[PDB]
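Worksheet: the structure to be examined is printed underneath.
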Amino acid sequence: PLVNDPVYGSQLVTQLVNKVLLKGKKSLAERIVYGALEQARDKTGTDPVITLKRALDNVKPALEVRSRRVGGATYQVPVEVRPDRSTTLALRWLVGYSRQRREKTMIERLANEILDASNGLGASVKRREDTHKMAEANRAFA
């Protein structure tokens with residue numbers, strides 16, 4: 001358990017901040033995330049932690065393939081994704097893909113990735129879809 005963030009009382013917000021943080025400066029990651037959330041609020045006029053959960057619903061994977069040794073060879077076998085990992089991945093994707101967006105600032109790119117994901121659009125959502133598709137393709141038997 002990480003802490004409930006002091007503004008919204010959310011552990012999801014705390015983990016987002018941690019995913020945005022590169023090489024030390026907590027203040028800068030906070031500014032990016034609270035900034036992004038306030039932009040979401042401005043756009044929708046609703047609670048941005050609800051927006052963020054809507055994005056996470058669309059981006060969290062339920063199944064994935066994972067490498068496993070079987071009989072001395074390696075196979076990528078479909079497995080359930082545990083809810084902690086599923087959340088981590090979805091945050092990693094939202095952040096990662098936001099970095100290739102066209103908007104001018106990181107605030108605006110993260111906000112707009114979150115907003116698009118909350119509507120079932122963009123690359124984070126496509127990555128979920130593709131993760132599930134691989135899980136389905138790698139079922140050994142029909």
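Here's how to read the names in the structure tokens: chain A, B, ... by the order shown, residue numbers from 1 in each chain, ligand numbers from 1 in the order shown.
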Give me the residues within 12 Å of residue 121 (chain A) as a PDB file with N, CA, C and O atoms, in the first residue's frame, counting only C-alpha atoms and dropping any in the same chain fewer than 4 places off.
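Output file around30.pdb is given in full below:
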ATOM      1  N   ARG A  54     -11.838   5.843 -15.419  1.00  0.00           N
ATOM      2  CA  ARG A  54     -12.410   5.484 -16.680  1.00  0.00           C
ATOM      3  C   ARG A  54     -11.263   5.140 -17.670  1.00  0.00           C
ATOM      4  O   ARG A  54     -11.380   4.107 -18.418  1.00  0.00           O
ATOM      5  N   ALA A  55     -10.184   5.885 -17.627  1.00  0.00           N
ATOM      6  CA  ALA A  55      -9.072   5.627 -18.540  1.00  0.00           C
ATOM      7  C   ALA A  55      -8.464   4.279 -18.135  1.00  0.00           C
ATOM      8  O   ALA A  55      -8.215   3.353 -18.998  1.00  0.00           O
ATOM      9  N   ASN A  58     -10.202   1.116 -19.437  1.00  0.00           N
ATOM     10  CA  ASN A  58     -10.036   0.907 -20.855  1.00  0.00           C
ATOM     11  C   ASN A  58      -8.640   0.379 -21.220  1.00  0.00           C
ATOM     12  O   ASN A  58      -8.400  -0.068 -22.368  1.00  0.00           O
ATOM     13  N   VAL A  59      -7.714   0.579 -20.287  1.00  0.00           N
ATOM     14  CA  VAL A  59      -6.240   0.340 -20.526  1.00  0.00           C
ATOM     15  C   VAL A  59      -5.715  -0.884 -19.685  1.00  0.00           C
ATOM     16  O   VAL A  59      -4.756  -1.538 -20.154  1.00  0.00           O
ATOM     17  N   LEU A  94      -0.168   4.660 -20.256  1.00  0.00           N
ATOM     18  CA  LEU A  94      -0.723   5.981 -20.328  1.00  0.00           C
ATOM     19  C   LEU A  94       0.466   6.977 -20.375  1.00  0.00           C
ATOM     20  O   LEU A  94       0.503   7.846 -21.205  1.00  0.00           O
ATOM     21  N   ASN A 112      -4.459  14.648 -22.286  1.00  0.00           N
ATOM     22  CA  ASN A 112      -5.171  14.221 -23.475  1.00  0.00           C
ATOM     23  C   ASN A 112      -5.082  12.683 -23.727  1.00  0.00           C
ATOM     24  O   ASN A 112      -6.070  12.110 -24.185  1.00  0.00           O
ATOM     25  N   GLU A 113      -3.973  12.037 -23.366  1.00  0.00           N
ATOM     26  CA  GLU A 113      -3.948  10.576 -23.324  1.00  0.00           C
ATOM     27  C   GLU A 113      -4.976   9.981 -22.348  1.00  0.00           C
ATOM     28  O   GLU A 113      -5.698   9.017 -22.697  1.00  0.00           O
ATOM     29  N   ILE A 114      -5.072  10.569 -21.153  1.00  0.00           N
ATOM     30  CA  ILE A 114      -6.037  10.128 -20.170  1.00  0.00           C
ATOM     31  C   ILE A 114      -7.455  10.328 -20.718  1.00  0.00           C
ATOM     32  O   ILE A 114      -8.309   9.443 -20.629  1.00  0.00           O
ATOM     33  N   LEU A 115      -7.725  11.496 -21.244  1.00  0.00           N
ATOM     34  CA  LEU A 115      -9.077  11.794 -21.765  1.00  0.00           C
ATOM     35  C   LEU A 115      -9.444  10.856 -22.904  1.00  0.00           C
ATOM     36  O   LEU A 115     -10.535  10.305 -22.947  1.00  0.00           O
ATOM     37  N   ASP A 116      -8.542  10.696 -23.822  1.00  0.00           N
ATOM     38  CA  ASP A 116      -8.799   9.783 -24.948  1.00  0.00           C
ATOM     39  C   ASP A 116      -8.999   8.355 -24.470  1.00  0.00           C
ATOM     40  O   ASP A 116      -9.987   7.704 -24.841  1.00  0.00           O
ATOM     41  N   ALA A 117      -8.141   7.870 -23.562  1.00  0.00           N
ATOM     42  CA  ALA A 117      -8.338   6.575 -23.011  1.00  0.00           C
ATOM     43  C   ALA A 117      -9.664   6.377 -22.289  1.00  0.00           C
ATOM     44  O   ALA A 117     -10.313   5.331 -22.436  1.00  0.00           O
ATOM     45  N   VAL A 125      -5.139   2.355 -25.166  1.00  0.00           N
ATOM     46  CA  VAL A 125      -6.274   1.450 -25.327  1.00  0.00           C
ATOM     47  C   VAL A 125      -5.931   0.403 -26.363  1.00  0.00           C
ATOM     48  O   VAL A 125      -6.227  -0.765 -26.190  1.00  0.00           O
ATOM     49  N   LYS A 126      -5.321   0.791 -27.454  1.00  0.00           N
ATOM     50  CA  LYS A 126      -4.900  -0.177 -28.494  1.00  0.00           C
ATOM     51  C   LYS A 126      -3.911  -1.206 -27.908  1.00  0.00           C
ATOM     52  O   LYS A 126      -3.972  -2.414 -28.230  1.00  0.00           O
ATOM     53  N   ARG A 127      -2.999  -0.738 -27.059  1.00  0.00           N
ATOM     54  CA  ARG A 127      -2.022  -1.684 -26.402  1.00  0.00           C
ATOM     55  C   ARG A 127      -2.760  -2.736 -25.549  1.00  0.00           C
ATOM     56  O   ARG A 127      -2.439  -3.902 -25.552  1.00  0.00           O
ATOM     57  N   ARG A 128      -3.804  -2.357 -24.785  1.00  0.00           N
ATOM     58  CA  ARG A 128      -4.640  -3.305 -24.043  1.00  0.00           C
ATOM     59  C   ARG A 128      -5.239  -4.334 -25.017  1.00  0.00           C
ATOM     60  O   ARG A 128      -5.216  -5.584 -24.787  1.00  0.00           O
ATOM     61  N   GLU A 129      -5.853  -3.816 -26.077  1.00  0.00           N
ATOM     62  CA  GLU A 129      -6.510  -4.631 -27.056  1.00  0.00           C
ATOM     63  C   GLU A 129      -5.534  -5.623 -27.671  1.00  0.00           C
ATOM     64  O   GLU A 129      -5.841  -6.844 -27.789  1.00  0.00           O
TER      65      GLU A 129
END
Where in chain A does DSSP assign helix (DSSP H, G or I), given as JSON, numbers by chain?
{"A": [11, 12, 13, 14, 15, 16, 17, 18, 19, 20, 26, 27, 28, 29, 30, 31, 32, 33, 34, 35, 36, 37, 38, 39, 40, 41, 42, 43, 44, 48, 49, 50, 51, 52, 53, 54, 55, 56, 57, 58, 59, 83, 84, 85, 86, 87, 88, 89, 90, 91, 92, 93, 94, 95, 96, 97, 98, 106, 107, 108, 109, 110, 111, 112, 113, 114, 115, 116, 117, 118, 123, 124, 125, 126, 127, 128, 129, 130, 131, 132, 133, 134, 135, 136, 137]}
Considering only C-alpha atoms, state which residue in the set A:104, A:95, A:9, A:34 is at the smallest distance from residue 22 (chain A).
A:95
Which of A:103, A:57, A:80, A:30 sits closest to residue 118 (chain A) [using only C-alpha atoms]
A:57
Grab the CA of residue 93 (chain A) to CA of residue 46 (chain A) distance for me, in Å with one decimal place.
23.4 Å
Within 12 Å of residue 7 (chain A), counting only C-alpha atoms, which residues show up once you throw out same-chain ones fewer than 2 positions away? Write them as a list in words, please.
residues 3, 4, 5, 9, 10, 11, 12, 13, 14, 30, 33, 34, 37, 38, 48 and 49 of chain A
Mind listing the strand (DSSP E or B) residues of chain A, per DSSP on the backbone, as an MDAnalysis selection string?
chainID A and resid 63:70 73:80
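Nearest to residue 56 (chain A) of all the residues A:69, A:99, A:133, A:92 is A:92, counting only C-alpha atoms.
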Separating CA of residue 98 (chain A) from CA of residue 130 (chain A), to the nearest tenth of an Å, is a gap of 17.7 Å
Taking 4 positions as the minimum chain separation for residues in the same chain, which residues sit within 10 Å of residue 85 (chain A) when counting only C-alpha atoms? Answer as a PyMOL selection string.
chain A and resi 60-62+81+89-91
Keeping only N, CA, C and O atoms, write those residues as a CSV table (one decimal), in the first residue's frame.
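Below is the file selection31.csv, written as the result:
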chain,number,residue,atom,x,y,z
A,60,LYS,N,-6.3,-1.2,-18.6
A,60,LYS,CA,-5.8,-2.4,-17.8
A,60,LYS,C,-6.1,-3.7,-18.5
A,60,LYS,O,-7.2,-4.0,-18.9
A,61,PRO,N,-5.0,-4.5,-18.6
A,61,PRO,CA,-5.2,-5.9,-19.2
A,61,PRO,C,-5.6,-6.8,-18.2
A,61,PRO,O,-5.2,-6.8,-17.0
A,62,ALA,N,-6.5,-7.7,-18.6
A,62,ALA,CA,-7.0,-8.8,-17.8
A,62,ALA,C,-6.2,-10.2,-18.1
A,62,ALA,O,-6.2,-11.0,-17.2
A,81,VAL,N,-3.9,-11.5,-15.5
A,81,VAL,CA,-3.1,-10.5,-14.9
A,81,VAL,C,-3.6,-10.1,-13.5
A,81,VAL,O,-4.8,-9.7,-13.5
A,89,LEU,N,0.8,-1.7,-15.3
A,89,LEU,CA,1.0,-1.7,-16.7
A,89,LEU,C,0.2,-0.5,-17.3
A,89,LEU,O,0.7,0.1,-18.2
A,90,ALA,N,-1.1,-0.4,-16.9
A,90,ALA,CA,-1.9,0.6,-17.5
A,90,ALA,C,-1.4,2.0,-17.3
A,90,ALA,O,-1.3,2.8,-18.2
A,91,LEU,N,-0.9,2.3,-16.1
A,91,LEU,CA,-0.2,3.6,-15.8
A,91,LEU,C,1.1,3.8,-16.6
A,91,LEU,O,1.3,4.9,-17.2
